[PDB]
Amino acid sequence: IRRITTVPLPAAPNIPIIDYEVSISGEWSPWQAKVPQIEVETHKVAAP
Amino acid sequence: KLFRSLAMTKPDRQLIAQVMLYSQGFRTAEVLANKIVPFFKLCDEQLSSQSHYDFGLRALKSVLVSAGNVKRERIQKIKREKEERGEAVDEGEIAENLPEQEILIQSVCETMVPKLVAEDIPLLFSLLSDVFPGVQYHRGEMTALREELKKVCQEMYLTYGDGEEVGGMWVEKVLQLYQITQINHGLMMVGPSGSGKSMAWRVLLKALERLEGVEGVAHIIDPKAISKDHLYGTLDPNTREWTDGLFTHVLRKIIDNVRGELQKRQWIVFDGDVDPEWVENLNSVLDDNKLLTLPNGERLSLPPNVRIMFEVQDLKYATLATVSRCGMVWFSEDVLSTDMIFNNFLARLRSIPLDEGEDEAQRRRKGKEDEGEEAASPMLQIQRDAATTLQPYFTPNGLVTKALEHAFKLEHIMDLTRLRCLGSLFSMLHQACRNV
Amino acid sequence: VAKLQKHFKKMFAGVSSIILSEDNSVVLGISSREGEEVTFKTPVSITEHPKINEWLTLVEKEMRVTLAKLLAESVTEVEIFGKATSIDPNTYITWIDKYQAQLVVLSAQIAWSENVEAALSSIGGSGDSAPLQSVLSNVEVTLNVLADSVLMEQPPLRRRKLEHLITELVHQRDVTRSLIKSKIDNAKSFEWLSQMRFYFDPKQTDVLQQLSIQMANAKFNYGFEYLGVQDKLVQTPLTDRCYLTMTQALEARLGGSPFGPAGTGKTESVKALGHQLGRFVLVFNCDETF
Amino acid sequence: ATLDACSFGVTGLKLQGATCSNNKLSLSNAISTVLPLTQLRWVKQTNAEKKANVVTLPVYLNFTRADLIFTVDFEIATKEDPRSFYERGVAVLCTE
Amino acid sequence: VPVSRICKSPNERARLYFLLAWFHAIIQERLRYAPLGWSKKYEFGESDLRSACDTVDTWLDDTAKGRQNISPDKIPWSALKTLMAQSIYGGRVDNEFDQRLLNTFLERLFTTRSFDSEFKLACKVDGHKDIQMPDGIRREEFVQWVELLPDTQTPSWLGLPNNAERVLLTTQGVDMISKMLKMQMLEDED
Ligand SMILES: Nc1ncnc2c1ncn2[C@@H]1O[C@H](COP(=O)(O)OP(=O)(O)OP(=O)(O)O)[C@@H](O)[C@H]1O
Ligand SMILES: Nc1ncnc2c1ncn2[C@@H]1O[C@H](COP(=O)(O)OP(=O)(O)O)[C@@H](O)[C@H]1O
Ligand SMILES: [Mg+2]
């Protein structure tokens, strides 16, 4: 797709295109921003 | 020791064809027989082996009877055309100056081409040109039905073409479906998945609705989802009472005609894989008897308004007895091009509001064009603008087409079908405009 | 009696129903699947023969008697066309309409066989081929009349009768041409005996030994069982061989075994042979419906 | 030997029970004779009377003679009876 | 065959039976030399012979009508040729070329010239010699002629070429070695 497309794509070398989301604004944005880092209770460490 | 054995290895095709063609009144029968007989064996050898092909002698005799019928129809056509003018009429004189080869090739094409796969149709036409040189089959023109097809296709967001265009093959296939429904009282569509057989049948019913002023009703049944006992109804082994099955219930409903069902036209469509088990009772109906027999002992006579139809991805497990009784139209996968589906998508976007749901579904039929409703909602405007942005990429050689052709090369754990990918893409674009 | 109407297709060869008086007390005739009807010369009175077996046996007897008595009249009428230089199409079509398809084809075959027999008797070692030429001329005239009539628009039953007559007369023309080419000059030559022949003797009092069908050694009698408008078979040389061998086996009291690949006319040829002699054929399928 | 537009070359044919010289058959005691390059030529069917010196041999697939591919008409070199070719069981095999 | 059946009048009947017997021999022995003798091994058994005898009896009884003698010309040769070409022996034949071969045999044997003293049952036997019809008319003469036949039989008796034998043996020769190959290592397990 990057070869045949005219639409700009993400300009980060070692990231697949599938790892990026399209924001409501036109520009791309990585999915990694939308995944929080949480803390799990000791009660449910293996069955959350 | 008690039985005398005789080797009937090879019947005389040529002389049987000669005598039958002479029986139908053909002036030339020797040349026509000597041409048609090798042609059938040529088709049997050259064409790819498929279960539904039948180039045996029964098929040949049926084709020749059809050719005789077409010849007589042409005699009557010329006779009535001259009679409406001022003329002196003689049947023999009219029959003298006609091409018999044109009638025969027309009958052969009309009987075979609907069953032909898209891979085999050009081979068949090459063979036909070889055996019948300088003779071509021009398809009979159905102007009124084609105009109604155009109207319904524009109404249902479907492409229409006049042959050798974008969508010509699909129009031809629905016309063939009309022909087979006219001829036979039972027929099948045996294309692969995603070839437009169910859409073609729906369009045909809604077009004959306008053409003939007769109300089209559809009864779609999945036969394998339901058990055979519920399908055909089961007799209680004790405390004797009859429980009508679904198919028997539909047949009894149309036969009784409480709401005037005899006036209306009703088609029963078995939209599911054909198997020997659930079609045993249907064999009597599909045969020339046209009679459903049940363990209850009741004998339901199929009325002329009913037309038992079939949709199958394939007929791998269909008995030859079931295939023989029914007509058939093979909807090859290259009847629905990618451009047709993209046009359907972009046409659905421009006129179906994406949020209003089902309450406004009925209002779609209230307006024949929905004038003054261009701004039905802001959603319609947004998705129309989105379709305008998306049109350059949906072209016949655009981004989507090249991407799909490349993706078909890639191996997928599940079988990669065209319409699965296209429906996924359309749903994602729907959600894109919803996000906007 | 109405409930009995569905079971006749199992017992009789062609009788799909019985035509009855309005009070269902007298049987007036029989009818086929195609609607072709044979009206009994003498109706079977159910009231005088109340038992089912008795009046059914009388129905079978009257079917045979009336079929023979109508074949007699049909042969008597078609003898005129056999000896005529020109055939009026209207009279021929009227004759076709007046009589059943089975009796029509039988009358044509009987007339052709008797005409060829009289011809071969008349030539009698002199080498004069004029009578067989006359027979061929009459057959060709009838073929031209039928070819002209079949191009017209006809009712379905009359169209089937015309098709059967054409299919029979093409074979008759071929056989007569073969006889003329071979210069056959005696009725007892094998080239004529090997062809199936029909000998109708109206003077016989019994109605099951009137028409005699002969082929080489075999000398069958026509069982006058109503067959309806059956599908005739184009008498190819292979079907002629089948008929010859099968009648030879029947004359020797042996059984018949036409073996070959599928769809080569085996069972249909046997059915056609049985129907030509008027005997009830009953095909038994042998594919998971036995 | 140049092939005409309607002529196709074939090789590997074997002739059982005969020898072909000058495109004419003669009965031979050899078990089999290797046929050289054989030109199959398709011609418009002229209304030509079947000559008395013409024999219609088969062309079997192999020596078992279970499958028949087609038939070939050959002219007889001498005044030999064609029936002798039928009694002798003369034939043609695509392969030995 | 019972003696009374052949001894029945007219006197010519026995000669026909001899020809029929010879015919049934020639087709049968030829089955050894398949695929050369026939395209495939047909079941020309005794039932065909009995059917042929019944046909001959019926036709001669019809033609003679009890006459002690009938001329060789009056014998219905066409009926016999057609029936044993299509009904008796030809029914089993499916190949058209084997049917042609059967027609050739019947036309060569069943003819009026069979009753000539100079008739040759098999021409150019061994390329130089011929086999002549017996000149007798009774059953005993034909039986004695059969008993006095040479013991050394070649394929030329049946119309085949002599090297047909040379073919058959080598086929059996291969049939030997291949059979031994099926024995080489099921018995031997070292
Ligand atoms: N004439 C047409 N023009 C454009 N698109 C079409 C046309 N006919 C069908 N399509 C598209 O093809 C899709 C598949 O056609 P249809 O609904 O008839 O299914 P089908 O071929 O019977 O497949 P399945 O095996 O899934 O039932 C339709 O949903 C529509 O998207
Ligand atoms: N000589 C013939 N003349 C006319 N029709 C024939 C002839 N031979 C075969 N047919 C047709 O071909 C079909 C062959 O089917 P059938 O005879 O029922 O079973 P099979 O041939 O497999 O034994 C028949 O329906 C018959 O109409
Ligand atoms: Mg579908």
# chains A, B, ... in the order shown; residues from 1 in each chain; ligands from 1
call {"tool": "residues_near_ligand", "arguments": {"ligand": "ligand 2", "cutoff": "6 Å", "atoms": "only C-alpha atoms and all ligand atoms", "output": "list in words"}}
result
residues 11, 16, 57 and 58 of chain B; 233, 234, 236, 239, 262, 263, 264, 265, 266, 267 and 268 of chain C
call {"tool": "residues_around", "arguments": {"residues": "residue 318 in chain B", "least_positions_apart": "4", "cutoff": "8 Å", "atoms": "only C-alpha atoms", "output": "PyMOL selection string"}}
result
chain B and resi 274-276+322-323
call {"tool": "residues_near_ligand", "arguments": {"ligand": "ligand 3", "cutoff": "10 Å", "atoms": "only C-alpha atoms and all ligand atoms", "output": "PyMOL selection string"}}
result
chain B and resi 189-201+271-272+310-313
call {"tool": "residues_around", "arguments": {"residues": "range 4-10 of chain C", "least_positions_apart": "4", "cutoff": "10 Å", "atoms": "only C-alpha atoms", "output": "PyMOL selection string"}}
result
chain C and resi 14-19+32-33+282
call {"tool": "write_last_selection", "arguments": {"atoms": "N, CA, C and O atoms", "output": "PDB file, in the first residue's frame"}}
result
ATOM      1  N   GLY C  14     -51.506 -48.331 -19.567  1.00  0.00           N
ATOM      2  CA  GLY C  14     -51.786 -46.953 -19.931  1.00  0.00           C
ATOM      3  C   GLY C  14     -53.029 -46.377 -19.289  1.00  0.00           C
ATOM      4  O   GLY C  14     -53.199 -45.157 -19.263  1.00  0.00           O
ATOM      5  N   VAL C  15     -53.904 -47.233 -18.766  1.00  0.00           N
ATOM      6  CA  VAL C  15     -55.175 -46.772 -18.213  1.00  0.00           C
ATOM      7  C   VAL C  15     -54.888 -45.992 -16.936  1.00  0.00           C
ATOM      8  O   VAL C  15     -54.532 -46.574 -15.909  1.00  0.00           O
ATOM      9  N   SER C  16     -55.049 -44.670 -16.998  1.00  0.00           N
ATOM     10  CA  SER C  16     -54.910 -43.821 -15.824  1.00  0.00           C
ATOM     11  C   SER C  16     -56.212 -43.664 -15.052  1.00  0.00           C
ATOM     12  O   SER C  16     -56.173 -43.333 -13.863  1.00  0.00           O
ATOM     13  N   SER C  17     -57.354 -43.889 -15.695  1.00  0.00           N
ATOM     14  CA  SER C  17     -58.647 -43.787 -15.033  1.00  0.00           C
ATOM     15  C   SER C  17     -59.680 -44.496 -15.893  1.00  0.00           C
ATOM     16  O   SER C  17     -59.381 -44.964 -16.994  1.00  0.00           O
ATOM     17  N   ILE C  18     -60.903 -44.577 -15.373  1.00  0.00           N
ATOM     18  CA  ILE C  18     -62.039 -45.147 -16.085  1.00  0.00           C
ATOM     19  C   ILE C  18     -63.129 -44.090 -16.156  1.00  0.00           C
ATOM     20  O   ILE C  18     -63.504 -43.499 -15.139  1.00  0.00           O
ATOM     21  N   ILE C  19     -63.632 -43.855 -17.361  1.00  0.00           N
ATOM     22  CA  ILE C  19     -64.770 -42.966 -17.553  1.00  0.00           C
ATOM     23  C   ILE C  19     -66.024 -43.692 -17.091  1.00  0.00           C
ATOM     24  O   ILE C  19     -66.248 -44.854 -17.449  1.00  0.00           O
ATOM     25  N   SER C  32     -56.082 -42.224 -20.716  1.00  0.00           N
ATOM     26  CA  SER C  32     -54.648 -42.253 -20.479  1.00  0.00           C
ATOM     27  C   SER C  32     -54.218 -41.045 -19.652  1.00  0.00           C
ATOM     28  O   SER C  32     -55.029 -40.203 -19.257  1.00  0.00           O
ATOM     29  N   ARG C  33     -52.913 -40.960 -19.383  1.00  0.00           N
ATOM     30  CA  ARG C  33     -52.367 -39.783 -18.716  1.00  0.00           C
ATOM     31  C   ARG C  33     -52.513 -38.542 -19.591  1.00  0.00           C
ATOM     32  O   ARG C  33     -52.801 -37.452 -19.087  1.00  0.00           O
ATOM     33  N   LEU C 282     -42.926 -53.632 -17.568  1.00  0.00           N
ATOM     34  CA  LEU C 282     -42.832 -53.109 -16.201  1.00  0.00           C
ATOM     35  C   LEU C 282     -41.350 -52.985 -15.859  1.00  0.00           C
ATOM     36  O   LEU C 282     -40.719 -53.950 -15.423  1.00  0.00           O
TER      37      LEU C 282
END
call {"tool": "residues_around", "arguments": {"residues": "range 20-36 of chain D", "least_positions_apart": "3", "cutoff": "9 Å", "atoms": "only C-alpha atoms", "output": "MDAnalysis selection string"}}
result
(chainID D and resid 10:17 74:78 80 84:85 88 90 96) or (chainID E and resid 161:164 166:167)
call {"tool": "write_last_selection", "arguments": {"atoms": "N, CA and C atoms", "output": "PDB file, in the first residue's frame"}}
result
ATOM      1  N   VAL D  10       3.211 -37.320 -36.809  1.00  0.00           N
ATOM      2  CA  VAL D  10       3.086 -38.273 -35.717  1.00  0.00           C
ATOM      3  C   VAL D  10       4.272 -39.224 -35.797  1.00  0.00           C
ATOM      4  N   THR D  11       4.683 -39.741 -34.641  1.00  0.00           N
ATOM      5  CA  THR D  11       5.765 -40.711 -34.558  1.00  0.00           C
ATOM      6  C   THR D  11       5.370 -41.804 -33.579  1.00  0.00           C
ATOM      7  N   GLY D  12       6.176 -42.861 -33.543  1.00  0.00           N
ATOM      8  CA  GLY D  12       5.972 -43.938 -32.602  1.00  0.00           C
ATOM      9  C   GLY D  12       4.892 -44.928 -32.975  1.00  0.00           C
ATOM     10  N   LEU D  13       4.230 -44.757 -34.116  1.00  0.00           N
ATOM     11  CA  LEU D  13       3.235 -45.727 -34.545  1.00  0.00           C
ATOM     12  C   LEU D  13       3.910 -47.040 -34.918  1.00  0.00           C
ATOM     13  N   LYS D  14       3.232 -48.144 -34.621  1.00  0.00           N
ATOM     14  CA  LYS D  14       3.686 -49.484 -34.970  1.00  0.00           C
ATOM     15  C   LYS D  14       2.578 -50.179 -35.743  1.00  0.00           C
ATOM     16  N   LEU D  15       2.960 -50.933 -36.769  1.00  0.00           N
ATOM     17  CA  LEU D  15       2.022 -51.602 -37.667  1.00  0.00           C
ATOM     18  C   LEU D  15       2.119 -53.104 -37.430  1.00  0.00           C
ATOM     19  N   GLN D  16       1.084 -53.676 -36.819  1.00  0.00           N
ATOM     20  CA  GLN D  16       1.049 -55.103 -36.516  1.00  0.00           C
ATOM     21  C   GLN D  16       0.450 -55.847 -37.702  1.00  0.00           C
ATOM     22  N   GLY D  17       1.247 -56.726 -38.307  1.00  0.00           N
ATOM     23  CA  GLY D  17       0.770 -57.633 -39.331  1.00  0.00           C
ATOM     24  C   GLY D  17       0.900 -57.148 -40.756  1.00  0.00           C
ATOM     25  N   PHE D  74      -6.277 -47.509 -45.637  1.00  0.00           N
ATOM     26  CA  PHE D  74      -5.016 -47.739 -46.325  1.00  0.00           C
ATOM     27  C   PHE D  74      -5.266 -48.495 -47.621  1.00  0.00           C
ATOM     28  N   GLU D  75      -4.452 -48.203 -48.630  1.00  0.00           N
ATOM     29  CA  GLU D  75      -4.536 -48.894 -49.906  1.00  0.00           C
ATOM     30  C   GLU D  75      -3.670 -50.146 -49.889  1.00  0.00           C
ATOM     31  N   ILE D  76      -4.102 -51.154 -50.642  1.00  0.00           N
ATOM     32  CA  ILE D  76      -3.463 -52.464 -50.667  1.00  0.00           C
ATOM     33  C   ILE D  76      -2.478 -52.488 -51.827  1.00  0.00           C
ATOM     34  N   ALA D  77      -1.245 -52.918 -51.557  1.00  0.00           N
ATOM     35  CA  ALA D  77      -0.207 -52.868 -52.579  1.00  0.00           C
ATOM     36  C   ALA D  77      -0.487 -53.853 -53.707  1.00  0.00           C
ATOM     37  N   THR D  78      -0.780 -55.103 -53.361  1.00  0.00           N
ATOM     38  CA  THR D  78      -0.964 -56.186 -54.312  1.00  0.00           C
ATOM     39  C   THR D  78      -2.460 -56.443 -54.507  1.00  0.00           C
ATOM     40  N   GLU D  80      -4.092 -58.671 -53.006  1.00  0.00           N
ATOM     41  CA  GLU D  80      -4.519 -59.433 -51.843  1.00  0.00           C
ATOM     42  C   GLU D  80      -5.948 -59.075 -51.452  1.00  0.00           C
ATOM     43  N   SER D  84      -8.177 -60.940 -45.922  1.00  0.00           N
ATOM     44  CA  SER D  84      -6.977 -61.507 -45.321  1.00  0.00           C
ATOM     45  C   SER D  84      -6.405 -60.595 -44.245  1.00  0.00           C
ATOM     46  N   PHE D  85      -6.541 -59.276 -44.407  1.00  0.00           N
ATOM     47  CA  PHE D  85      -6.099 -58.370 -43.357  1.00  0.00           C
ATOM     48  C   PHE D  85      -6.981 -58.483 -42.123  1.00  0.00           C
ATOM     49  N   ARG D  88      -6.047 -61.921 -40.559  1.00  0.00           N
ATOM     50  CA  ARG D  88      -4.725 -61.785 -39.966  1.00  0.00           C
ATOM     51  C   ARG D  88      -4.719 -60.892 -38.732  1.00  0.00           C
ATOM     52  N   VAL D  90      -4.647 -57.521 -38.698  1.00  0.00           N
ATOM     53  CA  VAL D  90      -3.732 -56.408 -38.899  1.00  0.00           C
ATOM     54  C   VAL D  90      -4.270 -55.183 -38.179  1.00  0.00           C
ATOM     55  N   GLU D  96       4.057 -49.538 -28.488  1.00  0.00           N
ATOM     56  CA  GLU D  96       4.280 -50.976 -28.438  1.00  0.00           C
ATOM     57  C   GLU D  96       3.930 -51.531 -27.062  1.00  0.00           C
TER      58      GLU D  96
ATOM     59  N   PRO E 161      -1.311 -65.529 -38.581  1.00  0.00           N
ATOM     60  CA  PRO E 161       0.016 -65.886 -39.082  1.00  0.00           C
ATOM     61  C   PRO E 161       0.750 -66.780 -38.092  1.00  0.00           C
ATOM     62  N   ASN E 162       1.729 -67.523 -38.622  1.00  0.00           N
ATOM     63  CA  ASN E 162       2.440 -68.499 -37.803  1.00  0.00           C
ATOM     64  C   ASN E 162       3.157 -67.829 -36.638  1.00  0.00           C
ATOM     65  N   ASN E 163       3.745 -66.656 -36.876  1.00  0.00           N
ATOM     66  CA  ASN E 163       4.473 -65.957 -35.826  1.00  0.00           C
ATOM     67  C   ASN E 163       3.572 -65.508 -34.681  1.00  0.00           C
ATOM     68  N   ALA E 164       2.248 -65.551 -34.857  1.00  0.00           N
ATOM     69  CA  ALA E 164       1.343 -65.358 -33.729  1.00  0.00           C
ATOM     70  C   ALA E 164       1.696 -66.299 -32.585  1.00  0.00           C
ATOM     71  N   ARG E 166       4.687 -67.471 -32.040  1.00  0.00           N
ATOM     72  CA  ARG E 166       5.902 -66.869 -31.505  1.00  0.00           C
ATOM     73  C   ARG E 166       5.579 -65.673 -30.619  1.00  0.00           C
ATOM     74  N   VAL E 167       4.490 -64.954 -30.906  1.00  0.00           N
ATOM     75  CA  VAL E 167       4.078 -63.882 -30.008  1.00  0.00           C
ATOM     76  C   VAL E 167       3.560 -64.464 -28.701  1.00  0.00           C
TER      77      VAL E 167
END
